[PDB]
> 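So that we are looking at the same thing, I have put the structure below in C-alpha cells.
The figures that follow rest on heavy atoms only: side chains count, while hydrogens, waters and symmetry mates do not. Chain letters run A, B, ... following the sequence lines, proteins first and then strands; every chain starts at 1.
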Amino acid sequence: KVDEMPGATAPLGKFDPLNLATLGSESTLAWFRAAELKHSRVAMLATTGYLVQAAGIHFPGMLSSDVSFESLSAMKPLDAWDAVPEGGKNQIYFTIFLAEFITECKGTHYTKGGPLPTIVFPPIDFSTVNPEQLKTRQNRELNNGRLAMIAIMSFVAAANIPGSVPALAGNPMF
Amino acid sequence: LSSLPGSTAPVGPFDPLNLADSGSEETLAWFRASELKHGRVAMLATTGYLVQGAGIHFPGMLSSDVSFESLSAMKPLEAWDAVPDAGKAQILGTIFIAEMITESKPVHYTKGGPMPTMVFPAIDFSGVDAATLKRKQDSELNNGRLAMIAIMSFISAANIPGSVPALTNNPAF
Amino acid sequence: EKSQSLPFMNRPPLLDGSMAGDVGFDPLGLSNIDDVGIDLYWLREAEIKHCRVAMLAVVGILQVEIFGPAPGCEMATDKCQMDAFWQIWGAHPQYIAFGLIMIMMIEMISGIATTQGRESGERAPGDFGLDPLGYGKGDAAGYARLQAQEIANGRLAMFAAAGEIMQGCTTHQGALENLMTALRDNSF
Amino acid sequence: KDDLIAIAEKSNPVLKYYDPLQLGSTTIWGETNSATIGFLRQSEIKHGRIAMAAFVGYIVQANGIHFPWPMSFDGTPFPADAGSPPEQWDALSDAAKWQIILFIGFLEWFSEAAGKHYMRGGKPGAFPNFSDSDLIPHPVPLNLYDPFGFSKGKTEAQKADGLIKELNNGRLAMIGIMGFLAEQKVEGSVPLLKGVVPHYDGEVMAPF
Amino acid sequence: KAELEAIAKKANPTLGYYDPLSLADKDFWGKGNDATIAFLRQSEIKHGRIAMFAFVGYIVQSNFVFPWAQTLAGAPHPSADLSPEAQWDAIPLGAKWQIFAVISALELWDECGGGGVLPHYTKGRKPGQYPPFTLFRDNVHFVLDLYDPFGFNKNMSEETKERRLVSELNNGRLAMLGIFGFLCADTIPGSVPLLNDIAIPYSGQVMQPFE
Ligand code: CLA
Ligand code: CLA
Ligand code: CLA
Ligand code: CLA
Ligand code: CLA
Ligand SMILES: CC(=O)O[C@H]1CC(C)(C)C(=C=C/C(C)=C/C=C/C(C)=C/C=C/C=C(C)/C=C/C=C(\C)C(=O)C[C@@]23O[C@]2(C)C[C@@H](O)CC3(C)C)[C@](C)(O)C1
Ligand SMILES: CC(=O)O[C@H]1CC(C)(C)C(=C=C/C(C)=C/C=C/C(C)=C/C=C/C=C(C)/C=C/C=C(\C)C(=O)C[C@@]23O[C@]2(C)C[C@@H](O)CC3(C)C)[C@](C)(O)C1
Ligand SMILES: CC(=O)O[C@H]1CC(C)(C)C(=C=C/C(C)=C/C=C/C(C)=C/C=C/C=C(C)/C=C/C=C(\C)C(=O)C[C@@]23O[C@]2(C)C[C@@H](O)CC3(C)C)[C@](C)(O)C1
Ligand SMILES: CCCCCCCCCCCCO[C@@H]1O[C@H](CO)[C@@H](O[C@H]2O[C@H](CO)[C@@H](O)[C@H](O)[C@H]2O)[C@H](O)[C@H]1O
C-alpha cells in the first residue's frame with residue numbers, strides 16, 4: 001500500500017530505511033499515515049503559532065477578565081501557555097477531546113478501509129475531487145508538515161538549550 | 001441501527017460498546033423508550049434549574065404557608081424540600097397515572113408498539129408527515145442527549161465546585 | 001401447560017380458567033386438597049366469603065373515619081376503629097350481640113348451603129341467589145366481568161382489611177391518619 | 001382536508017397552505033380527521049368572529065360611549081367611569097356577568113344542537129336560524145344572522161367569497177384585540193401601541 | 001457544474017476557472033452538488049449586487065444628501081459627518097427596523113419564487129433572476145417591479161444578456177473588495193490612498209440600544 005499512497009517525492013523516492021511500512025499489516029501503515037498527518041497538522045499550527053507569537057502580533061485585547069492578550073505577547077510562546085488561565089486550557093482540552101472523539105468514531109475508521117480524519121466543525125473539508133490534482137496537494141501537506149515537525153523541535157531545542165541552531169538563539173523569543 | 005431516528009450526522013449510529021446487540025430486538029426497543037424518557041425528563045430538568053435558578057417564579061402562594069417567594073430564594077435542588085408533602089403527593093400522583101397509561105397501550109413499544117405519547121391533553125400525532133416527524137424525532141433525542149449531560153452538570157456543579165468550568169462562580173450553583 | 005402467574009411452574013390440574021380470578025396461582029397445590037371436609041369448592045366459598053367480608057370492612061372503616069359514627073353511636077369519637085369498637089361495646093353492647101347472633105344464624109345456614117351445594121351440583125360456590133337488581137339475567141360476557149370484578153376487588157380488599165386491623169391494633173390511630181403519617185415520613 | 005387547502009388558497013395566493021405544527025392532520029376525540037377539521041374550522045371562525053366584535057367593542061368602550069338609558073332598578077349605569085375597558089368589565093357587577101355569559105352560552109348551545117353540526121356534513125360558522133329546529137318554545141321574531149333579511153338573493157359565489165374575507169378579517173382581529181390586551185399587562189409588547197394603552201395590570205383572562 | 005465553467009470561459013481567459021477550496025464539487029446540507037453549485041452562484045451574485053449597490057452608496061452619501069425632514073421630531077438629518085459608514089447609527093433605530101422589514105420581505109419574495117411563478121434556484125431557475133411582482137400586483141394593489149419597474153429593457157437580443165451576466169458578476173466581485181477597501185480603510189487602514197475617510201464603528205451592524 002506504501003506504493004499507492006502520497007508522501008513519495010523526488011529527493012527521496014520511498015524513504016523507509018527501517019522498512020517500518022511493511023513491518024505490520026496495512027492497518028499498521030494506515031495508523032502510521034494517520035499519525036504522520038496528525039503530527040503534521042499539529043506541527044504546522046505549532047510552527048505558525050510560534051512565529052506569529054514571537055512576532056508580537058496578537059488579538060485585542062483581553063483574553064480573560066484578568067489576563068490580557070498583550071501580557072502573553074511579551075513572553076516567549078512556550079512560556080505563554082503557563083499563563084493561560086486554567087479555565088481557558090480546559091476549554092481547549094475539551095474541544096480537542098471532542099474532535100478526537102469524533103474523528104475516531106466517525107464511520108469506517110482509518111485503520112480499516114476508511115478515510116483519514118477531516119474537519120470536525122464545520123464539515124466541508126475543501127477537497128479536490130480530481131485525483132491527479134488532489135494527490136499532489138496531499139503530497140504538499142505531508143512534507144510541509146514534515147518540515148514543520150523538524151521546525152517545532154528546533155524551536156524547543158532553542159528555548160531549552162541555548163545555541164543548537166545557527167539562525168536562532170540570538171532572539172529573545174525563541 | 002441507522003434506519004432508526006437517533007442516528008445522526010457526526011456519530012451515527014453511535015454504539016462503540018455494541019450495547020444494541022447485548023439483548024434482543026425488544027431490549028433495544030426498551031433502550032430507545034428509556035432514552036426518550038430520560039431526554040424529556042432532563043429537558044424539563046435543565047430548564048427547571050435554569051428558570052428557578054435565575055429568579056423567575058410564579059406570582060402568589062404555592063400553599064397556605066409556602067409562597068413562591070421563599071422557594072425562588074433558594075437554589076433549586078433544595079427548593080424541592082420546602083414543597084409541601086401534599087404538593088409532592090399531587091405531582092407524583094399524576095405522574096403515576098401518566099406512567100400507567102403509556103404502559104397500558106394495546107401494543108407495547110418493547111413489542112414494536114408506540115412510544116409514550118401525550119396523556120392530557122391527548123392530542124393525536126399519528127399522521128403528521130413521517131418525513132417531518134423523522135427530523136423532529138432526531139431533534140427530540142439530540143436535545144435530550146444534551147440536556148441529560150446538562151442536568152448532570154448542574155447537580156455536579158451544585159455539590160462539587162469546579163467540576164464544570166462554565167459554572168464556577170455562578171450564584172445559582 | 002404452564003401457569004400464567006408462575007410461568008416456571010406447571011398449571012394446577014383442577015384450575016382450568018372456569019372460575020373468575022383463575023390465572024393458575026396455586027404453587028402449594030392447595031386446590032388438590034380433598035380430605036378433611038375441604039376441597040376446591042370449600043376454598044372457593046372461603047375465598048369469596050373472605051372477599052365480601054373484607055370488602056365491607058374496608059368501606060366500614062372508611063365510612064366512620066371520614067363521616068363519623070352513625071347517630072345513636074356518637075360515643076365513639078376515635079379514628080382508630082379497633083378502639084372505637086370498645087366504646088360501642090361499652091355503651092350499647094346489645095346491638096353488636098344482635099348482629100353476632102344474626103350472623104350466627106346466617107352463617108350456620110350458609111354452612112349447610114355450602115356442604116349441600118357441594119354434595120349436589122345446584123349451587124355455585126359463594127352463590128346465594130342475591131341478585132335483586134338482576135345483573136345476571138343478560139350479557140353473560142358482561143356478567144362474567146362482574147364475577148371477575150368481585151374477585152379482583154375482593155382479593156385486594158383482603159389485604160386492606162387485614163392491614164387496617166393490624167395497623168389499627170399497633171398504631172392505635174386509624175387508617176387514614178396512618179396514611180398521612182406514612183406520607184410525611186417517606187416523602188422525598 | 002381537500003377543501004381546507006382550497007379555502008386557504010383563495011385567502012392567500014402566495015401562502016397557499018400554511019401549517020407548521022400540522023394541526024390540520026390530527027384528531028381530538030377519536031372521531032376521524034375529517035370531523036375534527038370541521039372543529040378546527042369552526043373554532044378558527046368563532047375565534048375570529050369574537051375578536052372582531054371585540055375590536056369594535058374595544059374602541060367604542062375605550063372612548064366615552066355610555067349610552068342612555070341605564071337598565072337597572074336603582075341606578076348603576078354602564079361603568080365607563082374608570083375607563084379603560086378591561087377595568088370596565090370588572091366594574092359591572094358580579095351578578096351581571098352571569099347574564100352576559102349564559103346568554104352567549106345559549107348561542108353556543110344552539111349552534112351545537114340545532115340543524116346541522118360542523119363535525120358532520122359541515123358548513124362551519126353557519127349559525128342555525130331560530131325559526132326552525134323546533135327546540136325553542138317562545139318563538140322569537142328575528143334570527144341571529146339575517147334579522148332584517150339583508151341580504152337574501154346573493155348568489156353562492158358571492159357568499160363563498162364572504163367567508164374568505166371573514167377569515168382574513170377574523171385572523172387579523174385575533175392579532176388586533178390581543179395587541180391591545182398585551183399592552184394592558186406588559187408595555188413594549190407591541191411597538192406601535194406604546195403610550196396609548198393604559199396598563200390594566202390585573203388578570204384579563206379571568207371573569208370574576 | 002459545466003455551465004459554471006462556461007461562465008469562467010467568458011469572465012477571464014487569462015486566469016480561467018479557479019476554485020482553490022474546490023467548492024464546485026462539494027455539497028451543503030446533504031442537498032446534493034447541483035443545488036450546492038446554484039447556492040454558490042446566487043450567493044456571490046447577491047454579494048456582488050449588494051456591494052455594487054453599496055459602492056455607489058458610499059460615493060454620493062458622502063457628498064450629497066437630501067435635507068428635508070428625516071423624522072417627525074426635528075433635528076432634520078443625521079448631520080453629515082461625510083464619512084458614510086458612521087451615518088448609519090444615528091438614523092435612528094426606528095428607521096433601521098423599517099429597512100430590515102422590507103429587505104426581510106424582499107428576500108422572502110426571492111426564495112418564494114413569486115408565489116410559485118418561478119421555480120427555485122437550487123431546482124432550476126437562473127440564479128440572478130428576481131421573481132416579478134406580477135402575482136402581487138394582480139391581487140392587492142399596483143406595486144412596482146423590483147428589477148425594471150418601467151419596462152425599459154426586454155428590447156435586447158438574447159445573446160446580449162449573457163454577455164451582460166458575465167459583466168455583472170465580474171463587476172460584482174471587484175466591488176465586493178472595492179467596498180471592502182473603504183470600511184477596512186478606517187480601522188488600521190492599509191492602502192496607498194490615504195486620504196479618503198476615517199471613523200471607528202468598524203462593523204456589525206446596530207449600536208447602542210440592543211442586547
Ligand atoms: C513522527 C511522526 C511520523 C510518522 C508516524 C511518520 C510515518 C511515515 N512516514 Mg514520515 N517523516 C516524519 C515523521 C513521521 N513519519 C518526519 C519528521 C520527516 C522528515 C524527516 C518524515 C520524512 C518522510 C519521508 C521522506 C517519507 C516518510 C514516509 C512515512 C511513511 C512510511 C512508513 C514508516 O516507515 O513509518 C515510520 C514509523 C514510525 C513508527 C514513525 C517514526 C517514529 C520513530 C520510530 C520515533 C523515533 C525517531 C527518532 C526519535 C528520531 C527523531 C529525531 C527528532 C529529534 C527530530 C509513514 C506513514 C514515506 C512515505 O510517506 O511513503 C509514501 C516517505 O517517503 N516520512
Ligand atoms: C439514559 C441513558 C441513555 C440510554 C438508555 C441511551 C440509549 C441509546 N442511545 Mg443514547 N446517549 C445518551 C444517553 C442514553 N442513550 C447521552 C447522555 C448521550 C450524549 C452523550 C447519548 C448520545 C447518543 C448518540 C449520538 C447515539 C445514541 C444512541 C443510543 C441507542 C444505542 C444502542 C444501545 O444499545 O445503547 C444503550 C445505551 C445504554 C444502555 C446507556 C446506559 C448508560 C451506560 C450503561 C452507562 C453510562 C455512564 C456514563 C459513562 C456516565 C457519563 C455521564 C454523562 C453526564 C457524560 C440507544 C437507544 C444511538 C442511536 O440513537 O441510534 C438509534 C446514537 O447514534 N446515544
Ligand atoms: C391568544 C392566543 C390564543 C391561542 C393560541 C388560542 C388557541 C386555541 N384555542 Mg382559544 N381562546 C383565546 C385565544 C387563543 N386561543 C381567548 C382570548 C379565549 C377567551 C375568549 C379563548 C377561548 C377558547 C375556548 C372556549 C376554546 C379555545 C380553543 C382553542 C384551540 C382550538 C384548536 C384546537 O382545538 O386544538 C386542540 C386543543 C389544544 C391543542 C389545547 C390543549 C389544551 C390542554 C390539553 C389542556 C386542556 C384543559 C381543559 C380545560 C380540559 C377541560 C376538560 C377536562 C376537565 C376533562 C386552540 C389551541 C378550543 C379548544 O381547545 O378545544 C379543543 C376551545 O374549546 N379557546
Ligand atoms: C365487616 C363488616 C362490618 C362490621 C363488623 C361493622 C361494625 C360496626 N359498624 Mg360498620 N359499616 C360497615 C361494615 C361493618 N361494620 C359498612 C359496609 C358500612 C357502610 C359503608 C358501615 C357504616 C357504619 C357507620 C356510619 C357506623 C358503623 C358503626 C359500626 C359499629 C356498630 C354497628 C353495629 O354494631 O351494628 C349491629 C349490626 C346490625 C344492626 C346488623 C348487621 C348486618 C346483618 C348481620 C346483615 C348482614 C347481611 C350481609 C352483609 C349480606 C348477606 C349475607 C348472606 C345472606 C349471604 C360496629 C363495630 C357505627 C359506629 O359505632 O362506628 C364507630 C356507625 O356510626 N358502620
Ligand atoms: C488575463 C487578463 C485578462 C483578460 C483576457 C480579461 C478579459 C476581459 N475582462 Mg477582465 N479583468 C482583468 C484581467 C483580464 N480581463 C484584471 C486584471 C481586472 C482588474 C482591473 C479585470 C476586471 C474586469 C471587470 C470589472 C470587467 C472585466 C471584463 C472583461 C471582458 C471584457 C473586457 C473588454 O474588453 O471590454 C471593453 C472595456 C470597456 C468597455 C471598459 C469599461 C470602463 C468602465 C465602464 C468604466 C471604468 C472606470 C474607468 C476606468 C475610469 C472612469 C473615469 C474615472 C476617473 C472616474 C474580457 C473577457 C468585463 C466583463 O466581464 O464583461 C464581459 C468587466 O465588466 N475585467
Ligand atoms: C410551525 C411553527 O412556527 O412552530 C414550529 C417552528 C419554530 C417556530 C421554528 C419552533 C422553534 C424554535 C424555538 C422556540 C427555539 C428556542 C430555544 C430556546 C428557548 C433556547 C434557550 C437557551 C437558554 C440557555 C442555554 C440559558 C443558559 C443560562 C445559564 C447557563 C445561566 O447561568 C442562567 C442565569 O439565570 C442564572 C441561572 C445565573 C446567572 O449568574 C446567570 C444567568 C442570569 C444568565 C417551534 C415552536 O418549536 C415549532
Ligand atoms: C412563524 C410562524 O410560523 O408562525 C406560525 C406559528 C403558529 C402558532 C404555529 C400558527 C398559529 C395559530 C395562532 C397564531 C393563534 C393565535 C390566535 C389569537 C391571537 C387569538 C385571540 C383571539 C381573541 C379572542 C378569542 C377574544 C377577545 C375578547 C373580547 C373581544 C371580549 O370578550 C370583550 C372585551 O374586549 C372588550 C370588547 C370590552 C371590554 O370591556 C371587555 C373585554 C376586554 C373582555 C401560525 C398561524 O401557523 C403562525
Ligand atoms: C459587513 C458589512 O459590510 O455589512 C455592514 C452593513 C449592513 C448591511 C448594515 C449590515 C447588516 C444587516 C444584516 C446582514 C442583518 C441580518 C440579515 C439576515 C440574513 C437575517 C436572517 C434572519 C432569519 C430568520 C428570521 C429565520 C426564520 C426561520 C424559521 C422561523 C424556521 O426555521 C421554521 C420554518 O421555516 C420552517 C423551517 C419549517 C416550517 O414548518 C415552519 C417555519 C415556516 C416557521 C452590517 C452587518 O451591520 C454591517
Ligand atoms: C462543535 C464544537 C463544540 C465545542 C463546544 C465548546 C463549548 C465552550 C463553552 C465555553 C464556556 C465558557 O464559560 C466560562 O468558563 C470560564 C472559565 O473558562 C468562566 O470563567 C470564570 O471562572 C474561571 C475559573 O474557572 C476564572 O478564571 C474566571 O476569571 C471566571 O470569569 C466563566 O464564568 C464561564 O462563562
> Salt-bridge test for A:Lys135 and A:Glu4: reply yes if a basic N is under 4.0 Å from a carboxylate O, no otherwise.
no
> If only side-chain N and O atoms count, and only distance matters, is there a donor-acceptor pair under 3.5 Å linking A:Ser64 with A:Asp66?
no
> Between the side chains of A:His58 and A:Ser73, does any donor sit under 3.5 Å from an acceptor?
yes
> Are more than 12 heavy atoms, taken from residues, nucleotides or ligands other than A:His39, located less than 6.0 Å from that residue's NE2 atom?
no
> Any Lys/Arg nitrogen of A:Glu100 or A:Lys38 sitting under 4.0 Å from an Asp/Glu carboxylate oxygen of the other?
yes
> Applying a heavy-atom distance below 4.5 Å, give me the residues of residues 6-32 of chain B that approach chain A, sorted by number.
B:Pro10, B:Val11, B:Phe14
> Is it true that a side-chain atom of B:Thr46 and a backbone atom of B:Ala147 form a donor plus acceptor pair closer than 3.5 Å?
yes
